2 protein chains.
Amino acid sequence: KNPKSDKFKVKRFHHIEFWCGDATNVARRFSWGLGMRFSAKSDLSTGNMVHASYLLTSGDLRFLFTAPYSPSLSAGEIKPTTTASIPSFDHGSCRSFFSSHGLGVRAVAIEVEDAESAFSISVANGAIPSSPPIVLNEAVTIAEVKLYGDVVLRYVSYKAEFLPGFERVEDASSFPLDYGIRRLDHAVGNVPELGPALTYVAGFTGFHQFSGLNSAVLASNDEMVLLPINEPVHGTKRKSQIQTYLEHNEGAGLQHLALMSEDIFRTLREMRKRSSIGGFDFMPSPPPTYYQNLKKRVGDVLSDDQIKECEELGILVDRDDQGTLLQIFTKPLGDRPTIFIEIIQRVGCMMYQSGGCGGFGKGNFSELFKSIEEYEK
Amino acid sequence: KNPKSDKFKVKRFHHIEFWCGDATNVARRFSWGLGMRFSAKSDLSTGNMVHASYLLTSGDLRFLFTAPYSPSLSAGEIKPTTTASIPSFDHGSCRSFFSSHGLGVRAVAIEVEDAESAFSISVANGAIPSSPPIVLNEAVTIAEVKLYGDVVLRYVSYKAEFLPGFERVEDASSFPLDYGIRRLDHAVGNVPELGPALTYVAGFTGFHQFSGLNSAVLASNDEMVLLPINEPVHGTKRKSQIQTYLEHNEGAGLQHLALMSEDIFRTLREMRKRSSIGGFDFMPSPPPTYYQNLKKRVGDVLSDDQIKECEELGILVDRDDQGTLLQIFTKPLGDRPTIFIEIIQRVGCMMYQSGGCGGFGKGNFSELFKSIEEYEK
Ligand SMILES: Cc1c(C(=O)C2=C(O)CCCC2=O)ccc2nc(C(F)(F)F)n(-c3ccccc3)c(=O)c12
Ligand SMILES: Cc1c(C(=O)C2=C(O)CCCC2=O)ccc2nc(C(F)(F)F)n(-c3ccccc3)c(=O)c12
Ligand SMILES: [Co+2]
Ligand SMILES: [Co+2]
């Protein structure tokens with residue numbers, strides 16, 4: 001049941017922005033670990049005296065890494081005279097975000113038809129404004145409203161190359177890394193109370209509903225913008241990982257980013273080769289029991305050798321009434337046990353592939369738990 | 001003329017500590033870019049609720065990367081009950097250092113005979129105390145005094161494995177990277193006024209004197225701890241890079257770390273292969289003129305093929321009355337045009353090799369300048 005109630009025209013996920021202490025080192029680490037190319041920059045070399053911003057791309061996935069310079073470089077500036085390429089940026093906000101949360105996502109950006117009307121309609125419908133619409137070089141419009149915690153939903157609209165003021169990166173500094181990641185599938189928030197979080201976001205977007213936690217998913221009209229939200233379930237045997245998140249993050253924020261791969265086998269081979277030489281680490285692999293039980297539940301989707309390849313790579317598998325999902329989770333991206341990355345690939349729901357095909361893997365909590373018990377046996 | 005006037009017994013450089021916003025991402029970037037292994041950790045997994053610290057090693061070179069957790073994790077703690085493994089660490093100091101300077105060296109640590117007496121003698125002789133001697137697990141003593149800006153000189157002494165409370169890293173997360181770097185050769189500060197800086201540091205250590213800047217070098221008794229200091233020369237045609245440093249760094253601080261390689265050819269081959277895939281970038285190479293002129297001034301030290309190999313790798317060469325030095329400079333390590341790394345290898349002065357053999361390359365300012373003019377010709 002999709003009532004298609006978006007209060008404005010939403011296209012696709014556009015980019016994700018990390019607020020960093022040093023954007024150079026985070027961006028270089030992420031580039032090597034995920035196989036993303038350096039594609040654009042805005043920094044001192046492009047005349048930006050306010051912040052350093054570096055853009056990584058893989059397919060349609062766009063990761064932006066931003067950190068503030070010393071405020072003294074831009075002391076004589078005012079907003080009308082700013083050299084910042086992202087005019088919503090504020091030194092004090094960025095330093096306070098990072099001191100409070102550590103490394104994390106500041107902005108979940110979606111491309112819309114008209115960011116100004118998206119901003120107006122959202123605020124008229126209960127959204128808390130964060131940054132008003134601003135038109136950059138008569139070409140791009142950006143605006144921001146609060147999503148949860150200190151994370152903003154950023155609207156971007158183009159009249160007709162990332163953002164004005166960003167320069168394309170010279171091919172020499174731009175090595176064409178690619179491990180097969182192609183787009184952002186979904187972005188997940190952790191909140192203390194799911195109910196009010198859902199009501200707030202669904203209220204101002206018109207997005208419709210699609211051990212440890214309760215969860216629900218908000219989706220755009222074509223269900224290609226997917227925003228799950230989690231809350232903790234207290235008193236449990238094992239402590240809720242959502243609760244641990246809220247403690248170490250100093251409250252609500254983005255929990256994980258799910259990146260669709262065109263070939264999750266190759267992506268995981270390439271990422272695992274680099275885990276211990278600067279890349280990302282992965283969750284411990286499920287026991288062989290789990291892969292033994294895969295034949296019975298997806299043996300009509302995946303061959304034995306594709307199942308054995310899932311086993312070599314530590315991949316999880318879940319299935320809907322409509323599709324099959326292959327997924328794996330990284331360890332936390334930085335110092336705090338907060339944000340992590342999910343790699344996914346979806347099988348089925350051909351029409352193009354409909355969004356969310358196969359679900360989000362919630363069947364794996366019990367399937368992994370069972371298999372852990374069966375391996376102890 | 002070495003009067004051997006150290007006011008306490010100094011052994012060798014022990015480690016360099018970076019204060020970071022996210023120690024995980026800086027450490028992983030540095031590990032891949034410099035070929036340093038993860039060798040020790042102190043973080044949540046080892047019971048440290050205060051800071052995340054990760055140690056990289058290559059030969060005797062020790063790089064420590066530290067960042068604070070949320071203060072709320074350790075709210076009930078007091079210094080007598082601290083879970084911090086580095087008891088001089090302070091959340092507010094670390095956040096203020098990083099907000100003010102960005103990514104940079106907080107501590108230059110030297111191993112001494114007795115850090116408590118090193119601390120007492122230093123302060124009795126004009127050093128500004130930063131952190132008093134503290135004995136960790138009856139095994140190691142650490143103390144700190146101000147060096148310049150917000151950089152401390154850290155004394156460490158061992159009764160008889162990095163520091164108590166640090167755990168050795170499991171071999172799986174410890175990939176044995178090695179590009180040939182073996183030890184810290186020297187650590188260089190930038191200050192607004194050289195005279196008072198020298199008088200202060202030489203005053204409390206007893207260390208003796210060994211286009212753009214004025215410079216002098218302080219050295220320990222055996223001249224294996226080398227601490228050059230630079231000041232800007234104003235009014236020049238080209239703007240002093242020392243002055244640019246002080247502007248972007250918000251004042252005095254560590255300018256560069258020189259890392260001795262046992263084979264600077266292999267080190268530079270390995271680092272340059274990784275520059276655009278997460279590693280470090282290097283200064284633009286000198287023109288072929290410069291390598292043409294190398295035959296006349298070091299043609300008795302290096303073969304034509306070793307000179308042509310310097311040319312392939314962009315290496316600089318200078319020579320003393322006693323030795324020959326091969327060196328190269330990275331671009332800045334992070335967002336700000338402040339700290340960078342030098343790779344060096346020294347030829348000559350065999351007795352072991354005496355410290356500082358060949359000097360520090362000051363002859364290259366004019367030699368590079370000349371060669372740039374000759375290449376335009
Ligand atoms: C986050 C996530 C997801 C999933 O992506 C996420 C969706 O996007 C939105 C719905 C709720 C949420 O769950 C799905 C299955 C998962 N399954 C497990 C597992 F228990 F099966 F391994 N874990 C897990 C891994 C390590 C430690 C603790 C839990 C997950 O974190 C996990
Ligand atoms: C730092 C350094 C050193 C050297 O290590 C450093 C010593 O440890 C202590 C003495 C003073 C100081 O100078 C030596 C030669 C250098 N020579 C040049 C060069 F001009 F020849 F390339 N540059 C340079 C490179 C790029 C832009 C501007 C200057 C240097 O930064 C440079
Ligand atoms: Co997910
Ligand atoms: Co030097």
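When a ligand or atom number is given, it counts from 1 through the structure's own listing order. Each chain gets a letter, A, B and so on, in the order the sequences are listed, and its residues count up from 1.
Summary: OE1 is the N/O/S atom of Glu342(A) found nearest to the Co ion (ligand 3). As for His186(A), its N/O/S atom nearest the Co ion (ligand 3) is the one called NE2.
Panel note: side chain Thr330(B), backbone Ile341(B); a donor-acceptor pair is recorded below 3.5 Å. A distance-only check finds a donor-acceptor pair linking the side chain of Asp335(B) to the backbone of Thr24(A) [under 3.5 Å]. In this structure, the side chain of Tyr148(B) does not engage the main chain of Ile229(B) through any donor-acceptor pair within 3.5 Å.
Counting heavy atoms under 4.0 Å from ligand 2, residue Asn230(B) touches it through the side chain alone. Neither the backbone nor the side chain of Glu367(A) comes within contact range of ligand 1; no heavy atom lies under 4.0 Å.
Atom 32 (C) of ligand 1 has its nearest heavy-atom neighbour, among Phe360(A), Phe210(A), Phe329(A), in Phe329(A). Residue nearest to atom 11 (C) of ligand 2, selected from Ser211(B), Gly356(B), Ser215(B): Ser215(B) (by heavy-atom distance).
Near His186(A), meaning under 4.0 Å from any of its heavy atoms, are these atoms of ligand 1: 8 (O). The contact set between ligand 1 and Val188(A), taken as ligand atoms under 4.0 Å from a residue heavy atom, comprises 8 (O). Atoms of ligand 2 lying under 4.0 Å from at least one heavy atom of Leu368(B), given by number and element, are 19 (C), 20 (F), 21 (F), 22 (F). Listed by atom number, the atoms of ligand 1 under 4.0 Å from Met283(A) heavy atoms are 22 (F), 25 (C). Within the listing of ligand 1, atoms 9 (C) sit less than 4.0 angstrom from a heavy atom of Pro228(A). The ligand atoms of ligand 1 that sit less than 4.0 angstrom from a heavy atom of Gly361(A) are 14 (C), 15 (C). Atom numbering of ligand 1 starts at 1 in the shown order; those under 4.0 Å from a heavy atom of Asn364(A) are 21 (F). The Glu342(A) neighbourhood of ligand 1 comprises atoms 5 (O), with distances under 4.0 Å to a heavy atom of that residue.
In terms of heavy-atom proximity, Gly356(B) sits nearest to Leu226(B) at N-CD1, 3.8 Å.
Between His15(A) and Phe63(A), the ring centre distance reaches or exceeds 6.0 Å.
In this structure, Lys239(A) pairs ionically with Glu247(A), as a charged nitrogen and a carboxylate oxygen lie closer than 4.0 Å. With salt bridges taken as basic N to acidic carboxylate O contacts below 4.0 Å, none links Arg346(A) and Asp318(A).
Two residues are said to be in side-chain contact when any heavy atoms from C-beta on lie closer than 4.5 Å; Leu246(B) and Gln241(B) fail this criterion.
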Exercise. Assess whether salt bridge (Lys or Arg N to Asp or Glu O under 4.0 Å) is satisfied between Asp222(B) and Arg12(B), documenting all intermediate values.
Key: CA-CA 9 Å; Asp222(B) 61 11; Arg12(B) 296 279 180 277; 2.6 Å; yes
